[PDB]
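Q: I'd like to ask you about the structure that follows.
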Amino acid sequence: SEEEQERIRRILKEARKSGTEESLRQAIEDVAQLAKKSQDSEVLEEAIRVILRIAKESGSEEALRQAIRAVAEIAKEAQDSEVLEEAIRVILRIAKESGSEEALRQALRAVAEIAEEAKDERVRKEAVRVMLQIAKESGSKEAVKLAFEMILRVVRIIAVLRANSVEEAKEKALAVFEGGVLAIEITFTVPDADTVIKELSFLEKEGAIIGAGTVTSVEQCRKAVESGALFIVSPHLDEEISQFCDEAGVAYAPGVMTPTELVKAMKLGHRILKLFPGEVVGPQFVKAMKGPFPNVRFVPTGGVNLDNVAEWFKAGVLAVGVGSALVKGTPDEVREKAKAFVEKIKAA
Amino acid sequence: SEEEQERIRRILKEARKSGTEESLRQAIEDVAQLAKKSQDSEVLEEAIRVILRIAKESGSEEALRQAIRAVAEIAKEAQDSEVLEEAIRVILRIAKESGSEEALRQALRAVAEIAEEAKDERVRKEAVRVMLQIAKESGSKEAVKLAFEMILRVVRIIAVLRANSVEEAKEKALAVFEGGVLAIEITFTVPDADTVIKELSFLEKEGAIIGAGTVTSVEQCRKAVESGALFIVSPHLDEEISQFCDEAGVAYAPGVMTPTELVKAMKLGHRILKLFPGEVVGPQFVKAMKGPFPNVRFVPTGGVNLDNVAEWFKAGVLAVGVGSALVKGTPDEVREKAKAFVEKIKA
Amino acid sequence: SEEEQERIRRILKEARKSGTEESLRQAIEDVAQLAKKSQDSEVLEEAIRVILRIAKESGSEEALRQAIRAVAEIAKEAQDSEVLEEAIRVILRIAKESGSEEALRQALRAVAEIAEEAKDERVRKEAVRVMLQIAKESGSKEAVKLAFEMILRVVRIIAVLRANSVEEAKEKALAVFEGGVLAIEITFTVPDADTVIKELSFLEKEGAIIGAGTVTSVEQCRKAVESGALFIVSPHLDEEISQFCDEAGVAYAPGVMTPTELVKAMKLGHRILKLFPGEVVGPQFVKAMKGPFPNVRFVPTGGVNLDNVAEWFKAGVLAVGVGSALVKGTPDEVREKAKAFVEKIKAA
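Chains as they are written, first to last, in the working numbering: chain U, 4 to 351; chain A, 572 to 918; chain Y, 4 to 351.
Spelled out as structure tokens, the structure:
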């Protein structure tokens, strides 16, 4: 393997000596070509970190975007999760260098695709934290919705927590974390809900996402975004709120229940919707919405349980919002329920 | 105990000779104190008469509204229903002399709370009759809404009546009233429904409340009122009907089906909503709305049947609207199904 | 027999010698009297030629409309389909001679009623073909709505086509037409639905009716009606589409799901509504709507299948919109399942 290792170095030294820009992007495809013929974990990591310096020296977005597709292909060919974690951190470095958001959208879809074919949770925890930073590093009008859509596509399950004692609530939030589902949503009905989402903001740095729900007024939503909420679930579409999330750069997934309410939600720029109550319309609703409204996905949060969640995802839902069937009870028991829901989603 | 009648008459005569309003408000507290130590039905009902005698002599709003709480507390401590019937009639007379919306609102919640703990059909009939008269006074928007809300809490079940003639509707409404159903909704599918609600006005004197359902227009609602209806029930949310019902002083329960329609109904000022069709959304909808909308209560009028009616009230529902499953058949059949629904609602 | 045929010749010759319109009006009821007493496919279909033949006194919406009820009565008592076909064509010529709005609307209900006694389907295809020409003679807003209601009253089932090419959409449309489904809705998920509607416009002269579905904008709706669409279908209620469909003389069935959406559609002048998704609310919804809204008809286009369509019509639905369960598969499969849907509706 030391022979091809030197070969990757020889391509580098000769590509730098070649002042032509075509040989620079050609060196990207040359390194990717030999990485496709390899089967070792360490070889793919050296190849990926090599493509970084080539495109950054080119200074053109055509080489940066071509590098994102190369590292994403090497990560799909690999088998060690160590290379996948470095691939995600590398894609962040490429997209951050361009910063033109044409690559940021492509980087998010690549990061979420790498986390999709992941055997352990460490890769998915790396992804969610990076996609948050990618949307944060972007800091613009879009990307937050694409991050929200992709992160939900990775975490698959979002919990609905409610407890009067913040001591008991955080005992459940960490507990549902321990199951590995991540992406916990806390209800705003809880009296000291501002504090629970601020003290649980340390989960954001470990691969989780915290948000507020049942938000009905702009004043209540302002309190959530100041406390650390990254998404506002809501019970029904609100015109005043939806304009505040777009100005504040926070994702907003309003609640709909009929196709007519769906169209009014799309008229305000919301293709990520909340199906509420989900148990009322059932999975037949999301199946019937695919035809007339493609590329539009929902997150049903109603009477979803272990018997329901199996047939919600076969209908093509983005994520599912479970509440009493997951969080209610002692913390150690909802850790086993959080593991049970993840196991049920991965199968059907 | 005859000694308590003396002591009660001593507290009145002593505080009457004083005349100071400080001692008069203390006389209500002294009479209410001895009433809590006694278990005689005649000692308690005499204390209620004296509490009224003291308050109406004081004349102040503070003393009159304190007398309402005292009479209401004596009712909660009593077992004889004749004490509760007397308390309701006294609560009416105290708020009637006082006036203002605060006393009349406090009286509406008091006589309705007494009706729940009464566990007797006679007291619930009197509560409806008094609450209608309390709402007839003042006549404010908040009075007719609160009175309609408390009345639905007491009767628990409203009958959606449909027939093929005025006489068949009159006999069905009387039959369902004998079963224990005190609230009757007359749809406009019955021919001459305005004549049916007009000739059924004698039931409102025996503890009933007749209204009009299936109201689609304002011309339809204008004929429902003036003909004697006390509440208007529509399958959807109408902006003009809610306007006409507000300025006419009549309760209005519109129909909703989705949380988006719920919020729009609250924006108009209605927190007592008709869930229609209730059989489509099911009790899962009512439990789901309790979270973000706690101060909103529903009345499902869909496929409410003896099987699911138990599950509806287990979901925190104000009242249920039944039809066909209740009002279909002979008057004898309606009377027995009326007794069956009231029995299963008691749970 | 022909002893009655000679009598009909005498009724016409003698009443024509009189010339008084009261005797020509009596000649119609005399012919319809002896036609009621006879059972002969040749005596009946000749009696209605004479009733049409007695147009010497122009009804001007008096004698002509008396002729329509007489020929519609002869067709009701008949059994031979050749008499029913001749009755429909004669009613068209009588209403075309009058030109009044009452005669044209009375002819629509007469022709549609003749097709309800079905058996041979060429009558139903001729009825739809004739009812379209009647609506184009009137051209009023009431005529387009009534003709659309009557055609759906006859065809009972609408095919909701979704394809991935113009050629597969054309082939499936021909396949569902040969199966017995005379109503075809071309969704805009098809790449070039306008050309599909345009190339399928020849079926409208054979007894079919081509329309567009899943329309969201007025630009979409204008291209559909300019391509040959005779009815516009949307998943929700669009105020601007209803405005354009009115001034363009094209039927429009909006989508409703709650009773409040029902009322908002009626106040715009729509009593033929699309219940969507029908599988979510179920036939319990349409049964409960007939109480407050007896004039509304509904066409459920949800999860309609062979097990569903039986209990949809028992609840009194006008027509049903079937897709996937009818359109998906090879063109050879969708022919035989179209025959099964038509056969299942005929029974229950």
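Ideal Cβ positions, reconstructed from N, Cα and C, are used throughout, including at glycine.
(1) Taking the CB atoms as reference points, tell me whether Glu89/Y and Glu48/Y lie closer together than 8 Å.
(2) Between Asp651/A and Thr872/A, what straight-line distance do the alpha-carbon atoms span, to the nearest angstrom?
(3) Name the two residues that bound the continuous beta strand (DSSP E) containing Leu164/U.
(4) Any beta carbon of chain U sitting closer than 8 Å to that of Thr217/Y?
(5) Is the separation between the beta-carbon of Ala730/A and that of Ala754/A shorter than 8 Å?
(6) For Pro863/A, does the three-state DSSP call read helix, strand or coil?
(7) When burial is assigned at 16 or more other CB atoms within 10 Å of the CB, is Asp123/Y buried or exposed?
(8) Listing by chain order, which chain A residues have their CB less than 7 Å from the CB of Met269/U?
(9) Decide if the region 18-34 of chain Y is in contact with the region 781-794 of chain A; the criterion is three or more beta carbon pairs, one per stretch, under 8 Å apart.
(10) Classify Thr831/A as helix, strand or coil using the three-state DSSP reduction.
(11) Go through its chain and collect everything with a Cβ distance to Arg159/Y's Cβ below 6 Å, but skip five positions before and after it.
(12) Can you confirm whether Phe279/Y, when its beta carbon is compared against all beta carbons of chain U, has any partner nearer than 8 Å?
(13) What alpha helix (DSSP H) runs, 4 residues minimum, are completely inside the region 665-716 of chain A?
(14) I need the straight-line Cα distance from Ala744/A to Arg165/U, nearest angstrom please.
(15) Measure how close the beta-carbons of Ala268/Y and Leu276/Y come, nearest whole angstrom, since I'm counting them as under 8 Å.
(16) Mind listing the chain A neighbours of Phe288/Y? Cutoff is C-beta to C-beta under 7 Å, in chain order.
(17) Can you give me, in chain order, the residues of the region 802-821 of chain A that have a beta carbon less than 9 Å from any beta carbon in chain Y?
(18) Let me confirm a value: residue 433/Y is counted as buried when at least 16 other C-beta atoms fall within 10 Å, else exposed. Which label applies?
(19) Quick one: Cα of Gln287/U to Cα of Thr261/U, how far?
(20) Using the beta-carbon count (16 or more within 10 Å), is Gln677/A buried or exposed?
(21) Distance check for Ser141/Y and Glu188/Y, CA to CA, integer angstroms please.
(22) Provide the residue(s) that pair with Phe301/U in DSSP beta bridges, ordered along the chain.
(23) Taking just the CA atoms, how far does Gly306/U sit from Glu282/U?
(24) Cβ of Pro871/A less than 8 Å from any chain U Cβ?
(25) For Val661/A, which residues of its own chain have a beta-carbon under 8 Å away from its beta-carbon, when the five flanking residues on both sides are left out?
(26) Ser612/A and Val654/A: beta carbons closer than 8 Å?
(27) Would a C-beta distance cut-off of 8 Å place residue 433/U and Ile57/U closer than the cut-off?
(28) Let's see if you can read the secondary structure: which residues bound the alpha helix (DSSP H) around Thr198/Y?
(29) With distances taken Cα to Cα, identify the nearest neighbour of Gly272/U among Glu222/U, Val126/U, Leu149/U.
(30) Which residues in chain U sit within 7 Å of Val834/A, going by Cβ to Cβ distance?
(31) Three or more C-beta pairs closer than 8 Å, one from the region 234-242 of chain Y and one from the region 252-266 of chain Y: is that the case here?
(32) How far does the alpha helix (DSSP H) with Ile213/Y in it reach, from first residue to last?
(33) I need the straight-line Cα distance from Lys20/Y to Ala35/Y, nearest angstrom please.
(34) Just verifying my parser: in three-state terms, what is the DSSP assignment at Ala268/Y?
(35) Are the C-beta of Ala291/Y and some C-beta of chain A separated by less than 8 Å?
(36) Within a Cβ cutoff of 6 Å, which residues of the same chain sit near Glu152/Y, ignoring the five residues on either side of it in sequence?
A: Quick look at the numbers:
(1) Walking along the third sequence from the start, residue 89/Y turns up at place 86. Walking along the third sequence from the start, residue 48/Y turns up at place 45. Closer than 8 Å, so yes.
(2) Start at 1 with the first residue of the second sequence, and residue 651/A comes out as number 80. Start at 1 with the first residue of the second sequence, and residue 872/A comes out as number 301. Whole-angstrom Cα-Cα distance: 35 Å.
(3) If you number the first sequence from 1, residue 164/U lands on position 161. Segment 160-164, the beta strand (DSSP E) holding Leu164/U.
(4) Counting from 1 along the third sequence, the entry for residue 217/Y is found at position 214. Chain U contact via Cβ: present.
(5) The residue given as residue 730/A occupies position 159 in the second sequence. The residue given as residue 754/A occupies position 183 in the second sequence. Contact: yes.
(6) Taking the first residue of the second sequence as 1, we reach residue 863/A at position 292. The answer is coil: DSSP assigns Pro863/A none of H, G, I, E or B.
(7) Reading the third sequence from its first residue, position 120 is the one you call residue 123/Y. The residue in question, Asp123/Y, is exposed, as its Cβ has fewer than 16 Cβ neighbours within 10 Å.
(8) By one-based count along the first sequence, residue 269/U stands at place 266. Residues of chain A passing the Cβ test: none, with the nearest at roughly 14 Å.
(9) no
(10) As a first step, residue 831/A is located in the second sequence; it is residue number 260 there, counting from the start. Correct three-state label for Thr831/A: helix.
(11) Locating residue 159/Y in the third sequence gives position 156, counting from the first residue. The beta carbon of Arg159/Y is closer than 6 Å to those of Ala322, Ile348 in its chain, skipping five residues each way along the sequence.
(12) Walking along the third sequence from the start, residue 279/Y turns up at place 276. For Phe279/Y, the answer is yes, since a Cβ of chain U falls inside 8 Å of its Cβ.
(13) 671-689, 692-707
(14) Taking the second sequence and counting its residues from 1, one reaches residue 744/A at position 173. Taking the first sequence and counting its residues from 1, one reaches residue 165/U at position 162. Those two C-alpha atoms are separated by around 46 Å.
(15) The residue you call residue 268/Y lines up with position 265 of the third sequence. The residue you call residue 276/Y lines up with position 273 of the third sequence. Yes, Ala268/Y and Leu276/Y are in contact; Cβ-Cβ is about 6 Å, under 8 Å.
(16) Residue mapping note: residue 288/Y aligns to position 285 of the third sequence, counting from 1. Within chain A, the residues near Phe288/Y are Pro848, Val851.
(17) Closer than 9 Å at the C-beta level to chain Y, one finds these residues of the region 802-821 of chain A: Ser805, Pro806, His807, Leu808, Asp809.
(18) The first residue shown for chain Y is 4 and the last is 351, placing residue 433/Y beyond what the model contains.
(19) Residue numbering aside, residue 287/U sits at position 284 when the first sequence is read from its first letter. Residue numbering aside, residue 261/U sits at position 258 when the first sequence is read from its first letter. Near 12 Å, if we compare the C-alpha coordinates of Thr261/U and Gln287/U.
(20) On the second sequence, position 106 is the one that residue 677/A refers to. It counts as buried.
(21) Against the third sequence, residue 188/Y aligns to sequence position 185. Against the third sequence, residue 141/Y aligns to sequence position 138. Per the coordinates, the alpha-carbon of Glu188/Y lies some 24 Å from the alpha-carbon of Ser141/Y.
(22) Position 298 of the first sequence, counted from the start, is the residue given in the question as residue 301/U. Its beta-bridge partners are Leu276/U.
(23) Taking the first residue of the first sequence as 1, we reach residue 282/U at position 279. Taking the first residue of the first sequence as 1, we reach residue 306/U at position 303. Cα to Cα, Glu282/U sits roughly 5 Å from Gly306/U.
(24) For the purposes of this step, residue 871/A is taken as the residue at position 300 of the second sequence. False, the Cβ-Cβ gap to chain U never drops below 8 Å.
(25) Start at 1 with the first residue of the second sequence, and residue 661/A comes out as number 90. Correct list, in chain order: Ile619, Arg620, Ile622, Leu623, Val642.
(26) What you label residue 612/A is simply residue 41 of the second sequence in a count that begins at 1. What you label residue 654/A is simply residue 83 of the second sequence in a count that begins at 1. Against a cut-off of 8 Å, the Cβ pair of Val654/A and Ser612/A comes out as a contact.
(27) Since the first and last residues shown for chain U are 4 and 351, residue 433/U lies out of range.
(28) Stepping through the third sequence from its first residue, residue 198/Y is reached at position 195. Where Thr198/Y is concerned, the enclosing alpha helix (DSSP H) stretches over 196-202.
(29) Your numbering for residue 272/U matches position 269 in the first sequence. Out of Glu222/U, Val126/U, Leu149/U, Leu149/U has the C-alpha closest to the C-alpha of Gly272/U.
(30) For the purposes of this step, residue 834/A is identified with residue 263 of the second sequence, where counting begins at 1. Result: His239.
(31) Judged by Cβ distances under 8 Å, the region 234-242 of chain Y makes contact with the region 252-266 of chain Y, as three or more pairs qualify.
(32) Here residue 213/Y corresponds to residue number 210 of the third sequence, with the count starting at 1. Note, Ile213/Y: premise wrong, no alpha helix (DSSP H); beta strand (DSSP E) at 212-216.
(33) Indexing the third sequence from 1 puts residue 20/Y at position 17. Indexing the third sequence from 1 puts residue 35/Y at position 32. Taking the straight line from one Cα to the other gives about 20 Å.
(34) For the purposes of this step, residue 268/Y is identified with residue 265 of the third sequence, where counting begins at 1. Helix, per DSSP.
(35) Taking the third sequence and counting its residues from 1, one reaches residue 291/Y at position 288. Yes, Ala291/Y counts as interfacial toward chain A.
(36) The sequence position of residue 152/Y within the third sequence is 149, counting from 1. So the qualifying residues of the chain are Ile275.
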